[PDB]
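Data from target_31.cif: mmCIF, C-alpha atoms
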data_entry
loop_
_atom_site.label_atom_id
_atom_site.label_comp_id
_atom_site.auth_asym_id
_atom_site.auth_seq_id
_atom_site.Cartn_x
_atom_site.Cartn_y
_atom_site.Cartn_z
CA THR M 1 0.00 0.00 0.00
CA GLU M 2 3.06 2.25 -0.49
CA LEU M 3 2.19 4.73 -3.27
CA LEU M 4 5.25 6.11 -5.06
CA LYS M 5 5.30 8.85 -7.67
CA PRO M 6 4.96 7.29 -11.15
CA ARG M 7 8.08 8.27 -13.05
CA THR M 8 6.64 7.37 -16.48
CA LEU M 9 3.39 6.24 -18.05
CA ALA M 10 4.69 2.66 -18.01
CA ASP M 11 5.46 3.07 -14.30
CA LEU M 12 1.98 4.45 -13.64
CA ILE M 13 0.48 1.40 -15.34
CA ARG M 14 2.59 -1.00 -13.25
CA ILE M 15 1.52 0.77 -10.05
CA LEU M 16 -2.11 0.63 -11.14
CA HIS M 17 -1.82 -3.12 -11.71
CA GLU M 18 -0.60 -3.48 -8.12
CA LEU M 19 -3.37 -1.22 -6.79
CA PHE M 20 -6.11 -3.25 -8.51
CA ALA M 21 -4.66 -6.66 -7.57
CA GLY M 22 -7.31 -7.12 -4.85
CA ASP M 23 -11.08 -7.22 -5.24
CA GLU M 24 -11.96 -3.70 -4.06
CA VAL M 25 -10.35 -0.38 -4.93
CA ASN M 26 -8.99 2.43 -2.76
CA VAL M 27 -10.40 5.34 -4.77
CA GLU M 28 -8.37 8.06 -3.08
CA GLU M 29 -5.06 6.24 -3.58
CA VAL M 30 -5.78 5.64 -7.26
CA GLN M 31 -6.70 9.31 -7.74
CA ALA M 32 -3.54 10.37 -5.89
CA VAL M 33 -1.27 8.25 -8.10
CA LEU M 34 -2.94 9.44 -11.30
CA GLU M 35 -2.62 13.07 -10.22
CA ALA M 36 1.05 12.51 -9.29
CA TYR M 37 1.99 11.31 -12.78
CA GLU M 38 3.46 14.31 -14.63
CA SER M 39 2.03 14.25 -18.15
CA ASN M 40 4.79 13.72 -20.72
CA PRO M 41 3.51 13.80 -24.31
CA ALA M 42 6.42 11.71 -25.60
CA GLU M 43 5.15 8.80 -23.51
CA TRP M 44 1.54 8.91 -24.70
CA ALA M 45 1.70 10.40 -28.23
CA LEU M 46 1.17 6.90 -29.69
CA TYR M 47 -2.34 6.85 -28.24
CA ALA M 48 -3.33 10.45 -29.02
CA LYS M 49 -5.17 9.79 -32.28
CA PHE M 50 -7.63 12.58 -33.06
CA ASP M 51 -10.67 12.62 -35.33
CA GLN M 52 -11.88 15.82 -37.00
CA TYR M 53 -15.52 15.34 -36.05
CA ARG M 54 -15.69 14.00 -32.50
CA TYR M 55 -13.62 12.85 -29.54
CA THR M 56 -11.86 9.50 -29.83
CA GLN M 57 -11.34 6.74 -27.26
CA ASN M 58 -8.00 4.94 -27.42
CA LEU M 59 -7.41 1.84 -25.31
CA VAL M 60 -4.02 1.75 -23.53
CA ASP M 61 -4.25 -1.12 -21.04
CA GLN M 62 -6.89 -3.61 -19.93
CA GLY M 63 -5.50 -3.96 -16.40
CA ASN M 64 -5.57 -7.79 -16.44
CA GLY M 65 -9.36 -7.50 -16.61
CA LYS M 66 -9.67 -5.18 -13.58
CA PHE M 67 -9.94 -1.86 -15.45
CA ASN M 68 -9.96 -0.16 -18.82
CA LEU M 69 -7.28 2.51 -19.13
CA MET M 70 -7.83 4.70 -22.16
CA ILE M 71 -6.79 8.04 -23.64
CA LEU M 72 -9.47 10.37 -25.03
CA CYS M 73 -8.62 13.04 -27.61
CA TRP M 74 -10.90 16.07 -27.82
CA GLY M 75 -10.65 18.34 -30.83
CA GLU M 76 -11.56 21.97 -30.40
CA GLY M 77 -15.24 22.18 -29.54
CA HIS M 78 -15.66 18.41 -29.05
CA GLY M 79 -17.91 17.19 -26.26
CA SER M 80 -19.63 14.04 -25.06
CA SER M 81 -23.21 13.11 -24.41
CA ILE M 82 -24.51 13.11 -20.86
CA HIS M 83 -23.34 9.71 -19.64
CA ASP M 84 -23.53 7.41 -16.67
CA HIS M 85 -20.67 5.04 -15.76
CA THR M 86 -22.38 1.61 -15.59
CA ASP M 87 -21.72 1.05 -11.86
CA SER M 88 -17.97 1.57 -12.30
CA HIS M 89 -15.43 3.86 -10.73
CA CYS M 90 -14.31 6.49 -13.24
CA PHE M 91 -11.10 8.55 -13.02
CA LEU M 92 -10.33 11.35 -15.47
CA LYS M 93 -6.81 12.85 -15.52
CA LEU M 94 -5.94 15.70 -17.87
CA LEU M 95 -2.81 15.08 -19.98
CA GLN M 96 -3.12 18.20 -22.14
CA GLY M 97 -5.49 21.14 -22.30
CA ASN M 98 -8.63 21.70 -20.27
CA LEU M 99 -12.05 20.11 -20.14
CA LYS M 100 -15.35 21.35 -18.75
CA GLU M 101 -17.25 18.76 -16.69
CA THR M 102 -20.96 19.36 -16.05
CA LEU M 103 -22.75 17.27 -13.41
CA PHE M 104 -26.42 16.26 -13.71
CA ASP M 105 -28.80 14.58 -11.31
CA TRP M 106 -30.29 11.26 -12.34
CA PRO M 107 -33.64 12.08 -13.96
CA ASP M 108 -37.00 11.48 -12.37
CA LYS M 109 -39.36 9.31 -14.42
CA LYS M 110 -41.06 12.53 -15.56
CA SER M 111 -39.96 13.87 -18.95
CA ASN M 112 -38.30 17.10 -17.85
CA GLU M 113 -35.21 18.99 -18.88
CA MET M 114 -32.16 17.85 -16.94
CA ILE M 115 -30.80 20.84 -15.02
CA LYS M 116 -27.09 21.09 -14.26
CA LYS M 117 -26.06 20.42 -10.67
CA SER M 118 -22.59 21.95 -10.97
CA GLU M 119 -19.78 22.55 -13.43
CA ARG M 120 -16.03 22.69 -13.08
CA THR M 121 -12.95 23.11 -15.22
CA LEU M 122 -10.41 20.30 -15.15
CA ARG M 123 -6.85 21.56 -15.70
CA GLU M 124 -3.75 19.83 -17.04
CA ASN M 125 -2.52 17.04 -14.72
CA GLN M 126 -5.58 17.22 -12.40
CA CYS M 127 -7.43 13.97 -11.76
CA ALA M 128 -11.18 14.03 -11.17
CA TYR M 129 -13.36 11.18 -9.97
CA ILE M 130 -16.99 10.33 -10.66
CA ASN M 131 -19.38 7.44 -10.19
CA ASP M 132 -23.11 6.93 -10.52
CA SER M 133 -23.77 7.95 -6.92
CA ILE M 134 -22.18 11.35 -7.58
CA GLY M 135 -24.30 11.83 -10.69
CA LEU M 136 -24.25 11.87 -14.48
CA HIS M 137 -21.87 14.02 -16.42
CA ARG M 138 -20.99 15.61 -19.73
CA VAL M 139 -17.39 16.41 -20.70
CA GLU M 140 -16.54 19.10 -23.25
CA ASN M 141 -13.47 20.76 -24.72
CA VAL M 142 -14.76 24.33 -25.00
CA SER M 143 -11.48 25.67 -26.38
CA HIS M 144 -11.41 27.10 -29.90
CA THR M 145 -7.65 26.73 -30.23
CA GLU M 146 -6.34 23.93 -27.98
CA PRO M 147 -7.01 20.19 -28.32
CA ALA M 148 -7.43 18.33 -25.04
CA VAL M 149 -6.12 14.89 -24.11
CA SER M 150 -7.37 12.97 -21.07
CA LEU M 151 -6.49 9.69 -19.39
CA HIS M 152 -9.51 7.71 -18.13
CA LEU M 153 -9.61 4.65 -15.88
CA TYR M 154 -12.85 2.70 -15.46
CA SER M 155 -13.18 -0.21 -13.03
CA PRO M 156 -14.75 -2.65 -13.56
CA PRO M 157 -14.34 -2.29 -17.33
CA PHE M 158 -17.56 -1.75 -19.26
CA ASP M 159 -18.37 -2.00 -22.97
CA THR M 160 -21.76 -0.25 -22.81
CA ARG M 161 -23.25 2.69 -20.95
CA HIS M 162 -26.20 5.06 -21.25
CA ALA M 163 -26.51 8.45 -22.91
CA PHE M 164 -29.14 10.90 -21.62
CA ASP M 165 -31.20 13.45 -23.56
CA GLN M 166 -30.82 16.73 -21.67
CA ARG M 167 -34.24 17.97 -22.80
CA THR M 168 -36.23 14.98 -21.51
CA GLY M 169 -34.05 12.73 -19.33
CA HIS M 170 -34.75 9.75 -21.57
CA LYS M 171 -31.82 7.37 -21.79
CA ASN M 172 -30.36 5.26 -24.58
CA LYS M 173 -27.98 2.32 -24.28
CA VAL M 174 -24.77 3.03 -26.22
CA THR M 175 -21.69 0.93 -27.00
CA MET M 176 -18.16 2.11 -26.24
CA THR M 177 -16.40 2.37 -29.60
CA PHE M 178 -12.60 2.23 -29.46
CA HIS M 179 -10.77 4.32 -32.06
CA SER M 180 -7.59 2.35 -31.38
CA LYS M 181 -6.27 -0.34 -29.07
CA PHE M 182 -2.64 -0.54 -27.93
CA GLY M 183 -1.65 2.13 -30.46
CA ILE M 184 -3.32 0.38 -33.43
CA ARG M 185 -6.25 1.96 -35.26
CA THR M 186 -9.30 -0.31 -35.02
CA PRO M 187 -11.92 0.84 -37.59
#

If you took the structure in this file and wrote it as structure tokens, what would it be?
Amino acid sequence: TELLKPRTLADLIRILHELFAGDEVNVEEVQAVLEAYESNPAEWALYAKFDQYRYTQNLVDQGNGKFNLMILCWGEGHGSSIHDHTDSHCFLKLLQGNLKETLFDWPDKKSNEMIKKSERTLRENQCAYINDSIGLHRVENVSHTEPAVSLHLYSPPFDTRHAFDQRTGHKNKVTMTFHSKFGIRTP
């Protein structure tokens, strides 16, 4: 349980494998180690594959089945749907740029607009945490000039989640589509 500063991305991944070797996770320790990793673009450029039209999800490591570790690349103006996290822990560390995270309450079975609970800006090298008991969220790169790159860890891994219509609260089941896996484009 001795958390050292990850010297590299490879080191971070090794430490994460040790942290998830049990059956339950220490959320605060995982968040601390992710925040302590100093983003170094040389180490993660292989995974930072952008698309012109929307954010991409690039698988880095499958954590021996305990977690999905992925890098998301947000072009200028790119944002996500309002999403849940399928009963998983979700960590979001900024590797480059800034992202706006907006929190929503779970909807009531009445078709109403979903009203924001709070919003915050995530800055380079910060690590944020969310799960379904905190609420739903949308993530957006509101910059006109700067792409954003984030490192996400989800445990347990999930292949599907829900997207929520902000105007009505109605939800749709959606499949996680990976732009690449282990540095290899996967159309």

Could you make a table, as a tab-separated table, of the residues of stretch 46-93 of chain M that have an atom within 12 Å of an atom of stretch 105-114 of chain M, each with its nearest atom pair and distance in Å to one decimal, counting only C-alpha atoms, in chain and number order?
residue	atom	partner	partner_atom	distance
M:82	CA	M:114	CA	9.8
M:83	CA	M:106	CA	10.2
M:84	CA	M:106	CA	8.9
M:85	CA	M:106	CA	12.0

Within 9 Å of residue M:177, counting only C-alpha atoms, which residues show up once you throw out same-chain ones fewer than 5 positions away? Write them as a list in words, please. residues 56, 57 and 159 of chain M

Residue subset to file, keeping C-alpha atoms, as a PDB file, in the frame of the given file:
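The file below, out-v8.pdb, is the result:
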ATOM      1  CA  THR M  56     -11.860   9.500 -29.830  1.00  0.00           C
ATOM      2  CA  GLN M  57     -11.340   6.740 -27.260  1.00  0.00           C
ATOM      3  CA  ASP M 159     -18.370  -2.000 -22.970  1.00  0.00           C
TER       4      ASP M 159
END

Closest of M:66, M:78, M:14, M:93 to residue M:50 - atom-to-atom distances counting all atoms listed in the file: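 Closest candidate: M:78.
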
Quiz prompt | Result set of the PyMOL selection byres ((chain M and resi 141-152) around 6) on the coordinates above, as a PyMOL selection string | solution = chain M and resi 69-79+91-99+140+153

Among M:132, M:87, M:119, M:124, residue M:158 is approached most closely, using all atoms listed in the file, by M:87

From atom CA of residue M:115 to atom CA of residue M:172 the spacing works out at 18.3 Å

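For the choices M:175, M:138, M:170, M:12, the atom-to-atom distance to residue M:61 is smallest for M:12 when using all atoms listed in the file.
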
Counting all atoms listed in the file, which residues come within 12 Å of (-6.8, -9.0, -14.9), with the point read in the file's coordinates, and could you list them as an mmCIF file with C-alpha atoms, keeping the file's coordinate frame?
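Result file is out-v2.cif:
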data_model
loop_
_atom_site.group_PDB
_atom_site.id
_atom_site.type_symbol
_atom_site.label_atom_id
_atom_site.label_comp_id
_atom_site.auth_asym_id
_atom_site.auth_seq_id
_atom_site.Cartn_x
_atom_site.Cartn_y
_atom_site.Cartn_z
ATOM 1 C CA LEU M 16 -2.110 0.630 -11.140
ATOM 2 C CA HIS M 17 -1.820 -3.120 -11.710
ATOM 3 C CA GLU M 18 -0.600 -3.480 -8.120
ATOM 4 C CA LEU M 19 -3.370 -1.220 -6.790
ATOM 5 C CA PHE M 20 -6.110 -3.250 -8.510
ATOM 6 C CA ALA M 21 -4.660 -6.660 -7.570
ATOM 7 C CA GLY M 22 -7.310 -7.120 -4.850
ATOM 8 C CA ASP M 23 -11.080 -7.220 -5.240
ATOM 9 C CA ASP M 61 -4.250 -1.120 -21.040
ATOM 10 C CA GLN M 62 -6.890 -3.610 -19.930
ATOM 11 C CA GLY M 63 -5.500 -3.960 -16.400
ATOM 12 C CA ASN M 64 -5.570 -7.790 -16.440
ATOM 13 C CA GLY M 65 -9.360 -7.500 -16.610
ATOM 14 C CA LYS M 66 -9.670 -5.180 -13.580
ATOM 15 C CA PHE M 67 -9.940 -1.860 -15.450
ATOM 16 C CA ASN M 68 -9.960 -0.160 -18.820
ATOM 17 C CA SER M 155 -13.180 -0.210 -13.030
ATOM 18 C CA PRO M 156 -14.750 -2.650 -13.560
ATOM 19 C CA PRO M 157 -14.340 -2.290 -17.330
#

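In terms of minimum interatomic distance to residue M:181, M:58 ranks closest within M:166, M:131, M:39, M:58, counting all atoms listed in the file.
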
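Interatomic distance, atom CA of residue M:34 to atom CA of residue M:154: 12.7 Å.
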
message: As an exercise, work out the distance from atom CA of residue M:186 to atom CA of residue M:9 in Å and give it to one decimal place.
response: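 Atom CA of residue M:9 lies 22.2 Å from atom CA of residue M:186.
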
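Distances here use all atoms listed in the file; by that measure, the residue among M:46, M:174, M:130, M:10 closest to residue M:88 is M:130.
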
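Nearest to residue M:133 of all the residues M:168, M:86, M:160, M:102 is M:86, counting only C-alpha atoms.
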
Specify as a VMD selection string each residue included when the PyMOL selection byres ((chain M and resi 2) around 12) is applied to this file. chain M and resid 1 3 to 6 15 to 16 18 to 19 29 to 30 32 to 33
